Every structure is written in C-alpha cells, then in structure tokens.
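> Just to be clear, this is only the beginning of the complex, oriented as in the whole thing:
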Amino acid sequence: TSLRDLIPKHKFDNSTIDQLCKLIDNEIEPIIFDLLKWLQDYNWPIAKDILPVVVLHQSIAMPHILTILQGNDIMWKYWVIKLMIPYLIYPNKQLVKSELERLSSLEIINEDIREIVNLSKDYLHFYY
C-alpha cells in the first residue's frame, strides 16, 4: 500500500530496489519520473541500482526524459543522456534526436555547457 513508498528517500536508500525490480512497465509508470530524479547525480550510490530499472522501463519513461532534456537541470540531462541514450531501443532513440541536436548547438558559455554540447555531438555521430 503506497507506490510512492518505493521512491528512494535519499542518495543511499536502496531499501526499495528489490521491490522496484519486480514491477512491469504499467505498474511503475506513476513513479517513473520520481525514480529518474535519482539519476540527477550518478555519483550517488542509489543511482547505480536505479539506472538499470529506468532503462528497462524506458518505453513509459520517454515523455519524462524529454521534459528533463528541455529543462534547466544541466547535471541531470548530462547523466540521462550519457547513461540512457546508448541503451534505448531504436524507436526510443529516435524520439530524443531533436533534443540532442538542439543541445549540440547551444552557445558554449561555460564548462558544463561544453560538456553537454560535446557529449551531444559525440552521441549523434556514434548512435545516429
């Protein structure tokens, strides 16, 4: 009772991983965005267990992934892009190409942006 109870509460909280690993696309969808938030910094221990889960349920995560790419959380999109793009099946890989091209042609005004543009350029040439 309480699907939201399965969302990690902090960056070390792997207490719900075993439960999360049993869900199918339809059951996890209502908290998928919340689980994506634990990829905001892959340096977090919980991010390691969360990544395999969100990738597995990629086909209900795409609208939330786009939301992240359009937003202003540079660190979050850096990890989502770097970590999830190489593992999206073809139709999903296509849904985010626009955003990757847009990121590749951001004006470089700092090192974080340089990271994002360069990553977005590498991944276009590599996976597309």
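Ah, there it is. Residues are numbered from 1 along each chain as shown, chains lettered A, B, ... in the order given.

> The residue most central in space within chain A: what's it in contact with?
Central residue check for chain A by CA atoms, centre = their mean: the C-alpha nearest the mean position is that of residue A:80, 3.3 Å away. Contacts for residue A:80 (CB atoms under 8 Å, 6 or more residues apart in numbering) come out as A:36, A:39, A:65, A:68-69. Backbone N, C-alpha and C define where each C-beta goes, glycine included.

> ok, now how distant is it from residue A:58?
11 Å (CB to CB, to the nearest Å).

> Can you mark which positions in stretch A:21-32 are buried?
A:23, A:28-29, A:31-32 (16 or more other CB atoms under 10 Å).

> List the buried residues in the top helix by length along chain A.
In terms of residue count, the longest helix belonging to chain A (DSSP state H) is helix A:111-127. Within helix A:111-127, the residues that qualify as buried are A:116-117, A:119-120, A:123, counting by 16+ other CB under 10 Å.

> Next: stretch A:58-73.
With the criterion 16+ other CB under 10 Å, stretch A:58-73 contains buried residues A:58, A:60-61, A:64-65, A:68-69.

> Using JSON lines, lay out these together with distance to residue A:13.
As requested, the buried residues of stretch A:58-73 are arranged in JSON lines below (distance: CB to CB, whole Å):
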{"residue": "A:58", "distance to residue A:13": "23"}
{"residue": "A:60", "distance to residue A:13": "23"}
{"residue": "A:61", "distance to residue A:13": "20"}
{"residue": "A:64", "distance to residue A:13": "20"}
{"residue": "A:65", "distance to residue A:13": "23"}
{"residue": "A:68", "distance to residue A:13": "21"}
{"residue": "A:69", "distance to residue A:13": "26"}
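
> then add chain B to what we have above:
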Amino acid sequence: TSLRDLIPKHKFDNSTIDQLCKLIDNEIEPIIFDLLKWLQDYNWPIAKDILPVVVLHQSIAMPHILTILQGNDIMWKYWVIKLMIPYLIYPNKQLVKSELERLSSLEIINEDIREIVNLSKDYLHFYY
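Just below you will find chain B, in place on the chains above:
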C-alpha cells in the same frame, strides 16, 4: 524460422530492428543467443542497435550470458561484461557476480586476459 529470419544476416543488417523492437521476452527468447552473437565485436555497426534489445530482454538472456562468460571467446565475454552488467537490474546482476570473481582470478599471460581481469575487478568494485 520466421523468428530466426529476424536475426541480422551481417554486420550492416539493420533490416529486422523494427520487428525486434516490438517483441516481448517470451517471444524473443528462442533467438536471444543468436542476437547476443552480434556483441562479439561492438565495433560492428549492427551491435549498437542489438545491445539495447538484449539488455531490454535480460531476464530471459541470463542463462545464455552465463554460457558466454563461461566459454572460450575472450572478446565476446569482454563486450558482454563491459556493456551489459552496468544495466542488469539487481537480481540479474547478482547472477553473474561469481563469474566476474572467477575471471578476475585468471593468471594474466597476455594483454587480452589483462583486459578481462582489469574489467572484472573494476566492475566488481564499482557495481557490487
């Protein structure tokens, strides 16, 4: 046999990818071993599109992933470890831990074995 026609014929054969991307675990299972063969060299262009599909279906591929890790093709297990393990959900990750420990124990006598030991030791420290 219809299903076996969905196996790529060669390293440039992405003609079956759209059909492969629609299948569920139990449909794809009988050819998952043949699909894993396209990770024998990730430099093969079709490998990029096969990887997301075999990871998506990890929970019917584990027996075959064990065979590869226990087998005689060093390059093949190299790509399977390097590419798939970071994206196995927790229970599936645990299933291959013993193989990584075994491989990390190989006496290093050439650079290919060196690659395998370094990779296994790194992944054990990082993901386990």
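
> Please re-evaluate the buried residues of helix A:111-127 in the presence of chain B.
A:116-117, A:119-120, A:123, A:127 (16 or more other CB atoms under 10 Å in any protein chain shown).

> if we can go back for a sec, how far off helix A:111-127 does the helix or strand where the residue nearest to the centre of chain A lies point, in degrees?
For residue A:80, the host element (DSSP states H and E) is helix A:74-84. Using axes from the mean of the first three to the mean of the last three CA atoms, to 10 degrees, the inter-axis angle of helix A:74-84 relative to helix A:111-127 is 20 degrees.

> Pull the distance from helix A:74-84 to the chain's centre.
Its chain's C-alpha centre and that of helix A:74-84 lie 6 Å apart, by CA atoms, centre = their mean, to the nearest Å.

> Is that helix in proximity to chain B?
No. Using CB under 8 Å from any CB of the partner chain, helix A:74-84 never reaches chain B; the gap is at least 8.5 Å.

> could you dump that helix to CSV, C-alpha only?
Output of helix A:74-84 as CSV, limited to C-alpha atoms (Å, rounded to 0.1, in the frame of the first residue of the first chain):
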residue,chain,number,x,y,z
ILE,A,74,22.3,20.6,-16.8
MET,A,75,23.7,17.9,-14.5
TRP,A,76,20.5,15.8,-14.7
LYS,A,77,20.5,15.9,-18.5
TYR,A,78,24.2,15.1,-18.7
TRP,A,79,23.6,11.8,-16.8
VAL,A,80,20.4,10.9,-18.6
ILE,A,81,21.9,11.5,-22.0
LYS,A,82,25.3,9.9,-21.2
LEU,A,83,23.7,6.9,-19.5
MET,A,84,20.4,6.2,-21.1
